[PDB]
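Trainee: Sharing the initial chains of the complex here, in place:
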Amino acid sequence: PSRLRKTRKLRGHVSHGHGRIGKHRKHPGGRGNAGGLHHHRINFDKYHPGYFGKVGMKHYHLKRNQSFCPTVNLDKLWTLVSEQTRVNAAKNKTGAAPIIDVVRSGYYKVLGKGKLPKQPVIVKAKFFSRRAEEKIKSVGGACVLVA
Amino acid sequence: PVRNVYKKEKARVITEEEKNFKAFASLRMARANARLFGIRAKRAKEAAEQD
Amino acid sequence: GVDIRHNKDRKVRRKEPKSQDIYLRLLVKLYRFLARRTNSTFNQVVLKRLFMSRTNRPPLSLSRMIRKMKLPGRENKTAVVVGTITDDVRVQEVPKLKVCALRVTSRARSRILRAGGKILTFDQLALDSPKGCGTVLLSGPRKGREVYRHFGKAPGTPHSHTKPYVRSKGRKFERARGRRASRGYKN
């Protein structure tokens, strides 16, 4: 919207919002990231520290495809399966337990949080944190490794 | 041609000492065994070689 | 002139709500009338929070809206929120509590109606409590916004804990000079 643009409002002022003394001409400092070490170090440092140098090993032909492991928390561990399932499976029937298979839900590694109630479940996954493993052992469930 | 298979296996009771046997340490033991498989074989070959 | 003091003519305030929502303007009219005709500072604060913006009305969560009622003294009071109350995927048990908010999400309304609670809007809140008796006025996590974690006196000079802007959080992006003592300096 050029009618809401500032340019239509500044018609009449001589220097047009950029001063009579300073005279913004073309490029007074440089272009882009010019002078990262020489004369703009108080802006490259003090606003982006760490920008200059090498940091570690150089993994040639790295893919974001072998390290694929979406993590699931113990808060999210219940709601991968519906609440009707856990209620009608642990409504005082027997010592059975429903299986929450996170691989079908699309998650690989089960990590540990709070809020894991008394009703025990069996979790099938590829990786586990020992926090979540202790939480499942404390609530009385089981831990199954699949692949 | 998708046919997303639904293997349910829902109703089962928690069982015997597999629940006290399938702990976290199995993954770390398998990781250490995979990292130190061949070097132990080299040390066993050297133990058979050095008499 | 006359006044040797500096001129700060308009203080800070937003009187008219900048939103063009007709329903919000009707609620603004109703609670402005109640705020100037009831001497109820509850109606004063609810009128100011209706004047308040979209970002500064953060979404309440269902577990927080439970835990602020779980405190002793909030048995039959109604939780009033100027803002949205959303679902929480964490909790499993929901009490029989009463809600008075704007634009409660669908799963939250469904779980409150399954648990047996009563959701309202501000017109029924005004019909049930003009002075606002029996209400607990709640607010949400303003500082929990991701925008507020980039804000501080610096991004890195007394290490500052304040999250500099970068594309990809990982190796090779802003980790060498000023982030570790082996490459130059360390903050």
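Mentor: All right, it came through fine. Numbers count the residues shown, from 1 in each chain, chains lettered A, B, ... in the order given.
Trainee: ok, residue C:162 - how many residues close by?
Mentor: 14 (other C-beta atoms under 10 Å in any protein chain shown). No exception for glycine: its C-beta is placed from N, CA and C like everyone else's.
Trainee: Would you confirm that it contacts residue C:187?
Mentor: No. With contact defined as C-beta atoms under 8 Å, residue C:162 does not reach residue C:187; the gap is 11.8 Å.
Trainee: Can you check which residues contact both of these two?
Mentor: residue C:156 (C-beta atoms under 8 Å, 6 or more residues apart in numbering or on different chains).
Trainee: Could you pull up phi and psi at residue 35?
Mentor: Just going to use chain A. phi 80, psi 40 (degrees, to the nearest 10).
Trainee: You answered for a different chain; I wanted chain B.
Mentor: phi -80, psi -30.
Trainee: Spell out which residues of chain C are next to chain A.
Mentor: Proximity of chain C to chain A, by C-beta under 8 Å from any C-beta of the partner chain, involves residues C:89-92, C:154-157, C:164-166, C:171-172, C:174-180, C:183-184, C:187.
Trainee: switch the cut-off to 7 Å
Mentor: C:89-90, C:92, C:154-157, C:164, C:171-172, C:174-179, C:183-184, C:187 (C-beta under 7 Å from any C-beta of the partner chain).
Trainee: SS state for residue A:133?
Mentor: helix (DSSP: H, G, I helix; E, B strand; the rest coil).
Trainee: Please verify my assumption that it contacts residue B:25.
Mentor: No. Using C-beta atoms under 7 Å, residue A:133 makes no contact with residue B:25, being 9.3 Å away.
Trainee: Go over the secondary structure and confirm residue C:79 is in a helix.
Mentor: No. The assignment for residue C:79 is strand, going by three-state DSSP, so no helix is present there.
Trainee: Which strand residues bridge it?
Mentor: Here residue C:79 sits in beta bridges with residue C:99, residue C:136, going by DSSP bridges.
Trainee: Run a quick neighbour tally on the residue of chain C found nearest chain B.
Mentor: Nearest residue of chain C to chain B (C-beta to the nearest C-beta) works out as residue C:92 at 19.8 Å. The number of residues packed near residue C:92 is 12, by other C-beta under 10 Å.
Trainee: Repeat that for residue B:7.
Mentor: For residue B:7, the neighbour count with other C-beta under 10 Å is 6.
Trainee: one more chain, chain D:
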Amino acid sequence: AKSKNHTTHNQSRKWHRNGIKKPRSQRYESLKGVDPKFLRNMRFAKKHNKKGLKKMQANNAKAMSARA
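Mentor: Take a look at chain D, now in place beside the chains above:
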């Protein structure tokens, strides 16, 4: 092409344009910068206060409320 080098004229006026501020608000002063042996005193004192203060302070509060 010689220019003016350095001055502090029209500086205190710019300072007092915005009202020079004391930090003026530190209740429960910041604890970093204190002797680590004193920290090994105070943190262990705090966590054993969290552990073993219950029954003696409870009976003492009951006694002073009965005598008061």
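Trainee: residue contacts, the residue of chain D found nearest chain B?
Mentor: Here chain D gets closest to chain B at one residue, residue D:47, 28.3 Å apart by C-beta to the nearest C-beta. With C-beta atoms under 7 Å, 6 or more residues apart in numbering or on different chains as the criterion, no residue contacts residue D:47.
Trainee: which SSE is it in?
Mentor: Secondary structure assignment for residue D:47, by DSSP states H and E: helix D:36-52.
Trainee: Now that helix: buried residues?
Mentor: When burial is assessed from 16 or more other C-beta atoms under 10 Å in any protein chain shown, helix D:36-52 yields no buried residues.
Trainee: ok, residues contacting the host helix or strand of residue B:31?
Mentor: Residue B:31 is part of helix B:25-35 when elements are defined by DSSP H and E. Residues from elsewhere that reach helix B:25-35, judged by C-beta under 7 Å, 6+ apart: A:127, A:145.
Trainee: Ok, stretch A:69-82 next?
Mentor: A:86, A:98, A:100, A:102, A:105-113, A:115-116, A:123, A:127, A:132, A:135, C:89-90.
Trainee: Out of those, which are close to chain B?
Mentor: A:98, A:127.
Trainee: and the longest helix for chain C?
Mentor: If each helix of chain C is counted by residues according to DSSP state H, the longest one is helix C:22-37.
Trainee: What is the following helix or strand past that one packed up against?
Mentor: Where DSSP H and E defines the elements, the next helix or strand beyond helix C:22-37 is helix C:41-51. In terms of contacts (3 or more C-beta pairs under 7 Å, 6 or more residues apart in numbering or on different chains; DSSP states H and E), helix C:41-51 is packed against helix C:22-37, strand C:135-138.
Trainee: Next, the angle helix C:22-37 makes with helix C:41-51.
Mentor: 150 degrees (axes from the mean of the first three to the mean of the last three C-alpha atoms, to 10 degrees).
Trainee: count of neighbours near residue C:79?
Mentor: Residue C:79: 21 neighbours (other C-beta under 10 Å).
Trainee: cool, residue A:43 as well?
Mentor: The local packing of residue A:43 (other C-beta under 10 Å) involves 12 other residues.
Trainee: That one sits in which helix or strand?
Mentor: helix A:41-44.
Trainee: Ok, residue D:13 next?
Mentor: Assigned by DSSP H and E, residue D:13 belongs to helix D:12-16.
Trainee: build in chain E:
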Amino acid sequence: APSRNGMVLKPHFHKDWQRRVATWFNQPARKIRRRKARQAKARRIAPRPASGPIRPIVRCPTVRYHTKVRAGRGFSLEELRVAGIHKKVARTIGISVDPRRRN
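Mentor: One more chain to add, chain E, which I have set with the ones above:
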């Protein structure tokens, strides 16, 4: 040139990008062309079904997508021999045949 606290930007516009700007103004045009192509195929070619040959159940090679499943390319000659028909006879029946796919 830089400013207050903002992200370091490196746009790839130093090369003469103004010549090669392919904007999809013919995107509904290609959509109507390809609709008429599929409809003309289904009319004039055969009472064979659209997307003619049958595709196999195929698992995706990764540690990422191997839980999922996919319509492959062809029926992997050992599989077609166990089914018991000739190769081009299968191709004319409507069986998609890939001689590369192992088992």
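Trainee: Revisit the neighbour count of residue C:162 given that chain E is now included?
Mentor: With other C-beta under 10 Å as criterion, residue C:162 counts 15.
Trainee: Strands of the chain, residue ranges please.
Mentor: I went with chain A, as the question did not name one. A:71-72, A:96-97, A:99-101, A:109-110, A:122-125, A:127-128, A:142-145 (DSSP state E).
Trainee: actually it's chain B I care about, not the one you picked
Mentor: B:12-13.
Trainee: Flag every residue of it that's near chain A.
Mentor: Residues of chain B found near chain A (C-beta under 7 Å from any C-beta) are B:9, B:10, B:11, B:12, B:13, B:14, B:19, B:22, B:23, B:24, B:26, B:27.
Trainee: starting at the chain centroid, how far to the longest helix seen in chain E?
Mentor: With DSSP H setting the assignment, residue counts place helix E:27-44 as the longest helix in chain E. Put simply, helix E:27-44 sits 17 Å off its chain's centre (C-alpha atoms, centre = their mean, to the nearest Å).
Trainee: Okay, buried residues for it please.
Mentor: Buried positions in helix E:27-44, judged by neighbour count with 16+ other C-beta under 10 Å: none.
Trainee: contacts for it?
Mentor: Under C-beta under 7 Å, 6+ apart, the answer for helix E:27-44 is residue E:50.
Trainee: The same query, at a cut-off of 10 Å, please.
Mentor: Contacts to helix E:27-44, defined as C-beta atoms under 10 Å, 6 or more residues apart in numbering or on different chains, come from residues E:24, E:26, E:48, E:49, E:50, E:51, E:52.
Trainee: swap in stretch C:33-44?
Mentor: C:30-32, C:45-48, C:50, C:80, C:126, C:129-133, C:135, C:137.
Trainee: Spit out the contact partners of whatever residue of chain A ends up closest to chain B.
Mentor: Nearest to chain B, among the residues of chain A, is residue A:130, at 4.0 Å (C-beta to the nearest C-beta). Contact analysis of residue A:130 by C-beta under 10 Å, 6+ apart lists A:112, A:137, B:23, B:24, B:25, B:27, B:28.
Trainee: How many residues are close by the first one?
Mentor: For residue A:112, the number of neighbouring residues by other C-beta under 10 Å comes to 17.
Trainee: So it sits against residue A:137, correct?
Mentor: No. Counting by C-beta atoms under 10 Å, residue A:137 is not a contact partner of residue A:112; they are 11.6 Å apart.
Trainee: how far does stretch C:24-34 sit from the chain's center?
Mentor: 19 Å.
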